[PDB]
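Chain identifiers are assigned alphabetically (A, B, ...) following the order of the sequence lines, protein sequences preceding nucleic acid strands; residue numbering begins at 1 within each chain. Both counts, for ligands and for their atoms, begin at 1 and track the order of listing.
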Amino acid sequence: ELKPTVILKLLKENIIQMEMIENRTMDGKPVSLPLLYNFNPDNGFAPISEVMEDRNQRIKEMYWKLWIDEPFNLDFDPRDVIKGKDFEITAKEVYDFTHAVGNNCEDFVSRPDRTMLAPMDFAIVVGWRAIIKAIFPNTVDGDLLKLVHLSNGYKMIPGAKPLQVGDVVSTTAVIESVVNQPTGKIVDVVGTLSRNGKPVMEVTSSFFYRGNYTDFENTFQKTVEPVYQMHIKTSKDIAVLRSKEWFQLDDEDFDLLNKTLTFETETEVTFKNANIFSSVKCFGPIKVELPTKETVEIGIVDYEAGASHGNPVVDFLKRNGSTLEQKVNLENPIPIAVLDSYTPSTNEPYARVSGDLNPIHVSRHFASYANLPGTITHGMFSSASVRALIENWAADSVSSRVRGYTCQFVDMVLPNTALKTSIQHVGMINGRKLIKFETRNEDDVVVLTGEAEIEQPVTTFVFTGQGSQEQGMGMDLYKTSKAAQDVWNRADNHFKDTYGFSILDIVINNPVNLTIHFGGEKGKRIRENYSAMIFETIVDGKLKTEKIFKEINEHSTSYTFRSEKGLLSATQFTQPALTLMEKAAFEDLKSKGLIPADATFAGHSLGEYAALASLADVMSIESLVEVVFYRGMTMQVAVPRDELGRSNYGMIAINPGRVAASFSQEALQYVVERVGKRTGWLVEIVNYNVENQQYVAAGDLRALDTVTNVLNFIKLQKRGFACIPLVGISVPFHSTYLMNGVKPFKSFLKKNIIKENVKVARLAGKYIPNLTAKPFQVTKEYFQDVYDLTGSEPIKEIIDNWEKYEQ
Amino acid sequence: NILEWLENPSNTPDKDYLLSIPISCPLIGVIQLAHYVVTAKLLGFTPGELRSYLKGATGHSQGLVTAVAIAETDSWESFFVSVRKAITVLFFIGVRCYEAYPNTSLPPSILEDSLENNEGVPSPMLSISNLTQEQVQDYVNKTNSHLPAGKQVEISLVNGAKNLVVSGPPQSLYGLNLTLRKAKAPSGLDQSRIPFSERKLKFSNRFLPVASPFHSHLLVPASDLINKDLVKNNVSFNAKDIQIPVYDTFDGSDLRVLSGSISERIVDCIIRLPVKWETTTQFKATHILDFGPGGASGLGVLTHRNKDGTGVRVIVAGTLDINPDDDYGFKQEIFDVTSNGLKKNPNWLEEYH
Amino acid sequence: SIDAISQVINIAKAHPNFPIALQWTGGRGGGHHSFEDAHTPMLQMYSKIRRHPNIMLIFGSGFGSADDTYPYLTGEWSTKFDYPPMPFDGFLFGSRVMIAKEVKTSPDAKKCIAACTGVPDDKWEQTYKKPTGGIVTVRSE
Amino acid sequence: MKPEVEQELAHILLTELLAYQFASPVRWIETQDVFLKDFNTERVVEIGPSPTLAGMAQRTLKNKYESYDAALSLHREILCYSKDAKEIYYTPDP
Ligand SMILES: Cc1cc2nc3c(=O)[nH]c(=O)nc-3n(C[C@H](O)[C@H](O)[C@H](O)COP(=O)(O)O)c2cc1C
């Protein structure tokens with residue numbers, strides 16, 4: 001229909017009023033912006049001038065009527081926090097929004113047996129009122145008709161679920177920074193959407209008031225600096241750091257020497273003019289890296305200054321430290337897709353769903369008055385449309401996979417325009433894919449850019465156990481990767497200093513024999529290390545402290561490790577080497593941002609120990625290789641041996657589906673159980689690997705030899721036929737033979753496993769132990785299962801006294 | 001604005017929007033009514049006379065509405081009344097069935113996987129040929145055991161002994177397709193030297209050009225809406241008004257003897273119950289006129305293949321063409337005045353008795 | 001096989017007036033035999049064959065009496081497969097006459113033949129592996 | 001329970017599990033079940049010098065989850081660090 005858009009009259013005898021009317025309001029009542037002009041007949045060349053006093057106030061009053069449903073009041077503090085009204089998400093609203101922005105993800109479409117999610121872009125619908133109320137205050141003065149939306153961003157808070165229909169959301173908004181620039185005034189706003197009292201996501205919106213501003217007393221800025229790292233090498237560095245007045249450590253006697261420090265600071269500044277600051281405040285915590293790679297706060301950065309030309313703290317950290325960057329670029333971008341998209345023919349539906357009733361998108365006269373190329377489409381519509389594209393393609397239409405999305409509006413877009421967006425996988429960040437996109441219009445002009453953070457597909461990391469340890473394992477990564485080098489070098493240094501041998505040497509060269517020489521002071525210290533270690537055991541409920549290396553006494557000048565074809569096969573050297581290979585590989589993966597934060601993990605035999613060090617970081621590298629070497633040596637002395645390091649026991653892999661197509665596991669578990677019972681020796685099943693296809697038995701190498709023969713006789717009626725020998729094993733691992741050690745082993749681990757180095761959040765629901773094939777949980781049911789299978793007294797002390805601990 | 005689209009092909013919406021059921025249901029009804037009109041007009045007959053020449057009528061899913069509406073016609077004045085009834089029913093079927101289960105984008109990985117294996121674009125209806133109903137039901141059960149209740153699939157169209165169609169969510173049908181291609185031999189496999197009993201069964205599958213799971217549990221919630229709407233729109237079919245047998249698509253029974261509302265039964269058959277085409281077609285007739293869309297790829301050719309060797313002739317009234325095999329007629333055969341207008345298909349039991 | 005039947009149809013089409021006797025036999029016949037079922041290829045190709053009036057349809061491979069051929073003469077055989085009746089034009093009997101008085105089979109050979117019991121059609125395929133009904137399958141040169 | 005008491009209990013549990021693991025059988029069957037069905041997993045990454053557990057998981061999938069994987073449309077990916085570097089690091093060759 002036809003309605004009055006503009007009226008022109010004489011509001012006075014000398015004042016012309018042009019009342020520009022917007023009809024598409026929230027209430028349906030039209031809103032008028034009165035533009036006032038002076039008519040001066042004396043100046044015949046230009047009799048009409050514009051009345052500037054309060055023009056910005058009139059424009060803001062119009063936009064307040066259009067956008068904010070609260071009483072008009074422009075006198076509130078920008079430094080304060082704006083609180084938004086509670087929002088109830090409904091299926092109708094999600095439907096309307098998704099249809100307006102052209103998002104056809106099934107997660108948002110109502111379906112039976114599935115609650116419907118709301119799209120990430122719905123956060124603007126939720127928090128637009130609070131976000132846009134930030135640019136109104138009279139201290140942040142500007143022409144709203146020249147307001148430009150520079151960029152918008154969404155950021156899911158880690159561990160927060162996506163919005164869903166039925167949620168009640170609360171919005172809070174604060175201005176992060178408002179600074180005057182020569183081309184105008186930038187206002188950066190941060191909104192926080194909270195569900196049930198917990199925050200869900202953060203919205204960052206950057207606005208631009210084009211013009212010339214010099215009211216620097218109203219301006220301020222806040223920047224989260226990149227984290228800076230410093231390796232304190234020499235006493236010179238300590239002295240210089242202690243000279244800086246801002247560098248404050250709580251423990252004045254802390255030893256910075258050979259320590260890695262990280263500084264994470266924030267700078268709050270006010271301005272006196274374009275070039276100079278009127279106040280500078282840099283602050284934050286100082287943290288120190290630990291042997292377990294966990295950083296702990298040791299002090300606070302604290303710099304406060306008045307008039308200044310810069311921040312000295314950031315300059316010092318830039319020049320002396322290095323900046324840690326979370327994002328890690330792939331060596332080559334991986335193209336995902338190039339897609340076609342189109343702008344709607346009317347901007348009204350998006351305005352109505354989003355509440356963004358800016359006239360420039362719908363009203364021709366307002367857009368002409370603003371000198372725009374037309375009724376430009378909302379930038380936020382374009383952002384939502386491109387995010388729908390990215391979600392469909394980059395995230396394979398799995399909505400929850402998209403955790404972050406930021407866009408920059410580099411140019412305006414008119415309705416009925418063909419857009420072409422190109423999507424690329426460029427890097428990783430904290431286990432999430434980094435997607436860049438760039439949208440061009442028909443003229444081939446970039447109109448929109450941004451990035452996205454897509455979570456990886458659900459992942460499980462699985463760590464291999466003892467097996468065929470090959471010469472040179474992990475050495476290519478050792479040559480190329482810096483994290484691998486760190487792991488291997490720390491371990492090799494510890495081994496050289498403590499036991500006079502290099503594990504790297506054993507991996508690289510695999511010597512048949514290795515002699516340790518106890519000459520000199522260092523030799524004597526190494527000999528003492530060898531002498532100390534023991535193999536405690538429980539006999540009939542009594543400790544029996546043996547000594548490993550009975551040949552080594554205070555008159556020994558050397559000791560020789562022996563083998564047949566190479567010591568890399570020996571247990572004490574194979575276990576630490578495999579642990580290091582796996583830890584190094586995982587550290588390299590972590591250093592490239594490839595480890596999902598929710599990745600569950602497990603390890604097969606030895607792998608379990610390595611997996612905990614890699615994902616849980618329960619012990620430092622030096623402790624890890626130390627305990628594995630102690631355990632490996634214990635195994636050598638658990639079984640009687642001979643020269644070249646051999647044993648009477650052994651292990652074989654069994655394929656029950658090879659003796660007969662109808663030989664169930666419970667049948668094999670029956671035969672082996674009886675064979676040992678019907679023969680009085682030790683033999684059992686140690687590894688259930690593949691259903692009815694892979695079982696490993698451990699025991700006497702003679703007894704195992706009968707087991708294969710018997711099954712070979714079973715397979716004759718209704719290597720080996722069904723029993724291949726697992727090379728590299730020389731002890732009955734996972735057998736009741738080793739039950740005595742479990743007591744000393746527990747004491748040795750309870751010693752070495754530091755109480756404070758175990759983070760439940762790193763284990764709960766992620767770690768699946770081999771003892772109980774159930775994800776780790778600190779619950780009575782878990783401890784009950786542990787006690788059930790393998791009775792342990794401390795466990796049931798936890799059980800029987802649970803009420804005491806739970807409270 | 002169908003008139004605008006017909007006038008200017010350049011400004012006709014794209015194929016996918018046309019194919020959406022709220023469009024294609026009434027449009028296909030209109031196509032069928034228009035073909036019925038041309039036949040009558042050319043034969044210098046009124047709709048009532050042409051219907052009186054028919055021993056009976058029936059339809060394949062959506063076509064049942066057109067069948068009953070045609071059975072309603074009496075003269076050129078009441079023909080528009082019947083047409084309004086039919087297209088009203090179809091329009092509301094399309095609208096409510098699209099509202100109940102609207103189509104949503106499929107992950108592009110699945111699209112790529114389906115294309116790379118000589119398979120079509122997934123849709124809510126899968127056509128499986130050269131397999132018994134028991135085998136297809138076996139595969140359907142296997143697939144459905146792993147799926148929740150709301151995503152289960154089912155057989156919708158029992159077109160023939162070896163011709164079946166499964167309706168359900170495109171994702172579930174894709175999973176079923178994965179199972180099927182894990183159990184299908186390559187077409188270019190030679191088994192002439194292998195014993196027949198041990199031969200690996202060969203078959204084919206493809207996705208139909210449709211955009212809704214007809215005859216499926218998913219559209220069940222729309223039945224009450226459709227029934228409640230038709231009573232308001234003043235659409236109803238009376239058994240007295242129908243004057244030729246119209247066969248129900250579930251049991252092939254005559255709709256005129258139905259005790260309840262014929263419109264309710266028609267909508268139930270379209271959206272919920274499966275089509276047992278062989279059961280519906282058990283009538284005895286010499287000639288069958290196919291007005292439905294598809295031409296040589298329509299329901300007439302399927303019915304001809306089902307009924308081969310029983311002395312039944314199929315004429316596809318919708319298209320003009322020449323059949324080299326000459327086993328079924330085209331539009332011309334309906335109007336030919338020579339003997340060429342009367343062609344009898346072979347009845348083996350009688351010819352080679 | 002099916003392709004052979006198509007070739008026969010093409011021959012008959014090239015000479016529409018010349019009579020062609022399509023002697024169809026399954027893999028269950030005596031002597032040299034194939035791997036084909038006796039019924040499925042006919043159920044597939046009967047219509048195509050009857051498109052051509054000059055083809056005469058003979059059925060063989062497994063017949064020895066009027067009782068077991070009459071269903072094929074009347075076409076009632078194909079109804080068990082849920083098909084319309086498909087009558088045939090004639091039958092051939094190879095094995096059935098090998099113990100006829102005028103054949104040159106040796107008397108002990110005739111007794112050996114008669115002593116074979118044979119097997120029903122659903123089990124004829126069990127000659128590729130072991131004797132069944134006194135008959136087995138072996139490979140030629 | 002309090003975070004400190006929770007950490008104490010977790011430490012006790014972890015020490016007990018590690019202590020008893022080497023003297024009790026390794027239930028890789030239940031673990032493969034857990035992380036292939038109870039969590040599902042589109043990528044299983046084996047950290048080791050050879051594809052042992054990768055082969056184990058591939059066999060388990062082939063023998064216990066063909067129909068379930070097909071029905072639920074999972075594009076599972078079994079990768080071993082030793083042989084599958086490109087897919088682990090997203091470095092496909094040009
Ligand atoms: C002993 C014997 C010899 C045969 N020799 C030939 C032959 O030389 N050429 C040929 O085309 N078919 C030959 N056949 C196949 C027959 O012509 C006929 O197809 C077959 O015997 C019919 O199957 P039936 O034995 O079950 O009755 C022979 C069959 C038998 C039993």
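- Considering only non-hydrogen protein atoms, atom 19 (O) of ligand 1 sits nearest to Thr25(C) CG2, 3.8 Å.
- Per-atom contact check: atom 21 (O) of ligand 1 touches the protein, criterion being a heavy-atom distance below 4.0 Å.
- Nearest heavy atoms, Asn345(B) versus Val312(B): ND2-O, 2.7 Å.
- Distance check for atom 12 (N) of ligand 1: every protein heavy atom is found at 4.0 Å or beyond.
- Using a 30° and 60° split on the angle between ring planes, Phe88(C) and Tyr46(C) fall in the tilted class, from 30° to 60°.
- With ring centers used as reference points, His39(C) lies 6.0 Å or more from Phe196(B).
- The distance from ligand 1 to the heavy atoms of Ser95(C) drops below 4.0 Å at these ligand atoms: 24 (P), 25 (O), 27 (O), 31 (C).
- Within the 4.5 Å cutoff, the side chain of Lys142(B) has no heavy atoms near those of the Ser67(D) side chain.
- For atom 31 (C) of ligand 1, the nearest protein heavy atom lies closer than 4.0 Å.
- For atom 18 (C) of ligand 1, the closest non-hydrogen atom on the protein side is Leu92(C) CD1, 4.0 Å.
- Contact analysis puts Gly62(C) in contact with ligand 1, with a non-hydrogen atom separation below 4.0 angstrom.
- Taking 4.5 Å as the limit, every side-chain heavy atom of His35(B) sits out of range of all side-chain heavy atoms of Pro293(B).
- Of all heavy-atom pairs between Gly60(C) and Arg28(C), the closest is O-NH2, 4.4 Å.
- Of the protein's heavy atoms, none falls inside 4.0 Å of atom 2 (C) of ligand 1.
- Considering backbone and side-chain N/O atoms, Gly94(C) comes within less than 3.5 Å of an N/O atom of ligand 1.
- The protein atom (non-hydrogen) at minimum distance from atom 28 (C) of ligand 1 is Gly30(C) O, 4.3 Å.
- Protein heavy atoms are found inside the 4.0 Å sphere centred on atom 24 (P) of ligand 1.
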Note to self: Evaluate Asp3(C) against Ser1(C) for side-chain hydrogen bond (donor to acceptor under 3.5 Å, both in side chains), listing each step before the verdict.
What the structure shows: CA-CA 5 Å; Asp3(C) 292 28; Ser1(C) 56; 5.3 Å; no
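- Judged purely by atom type and a 3.5 angstrom limit, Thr40(C) has no side-chain atom pairing as donor or acceptor with the backbone of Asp37(C).
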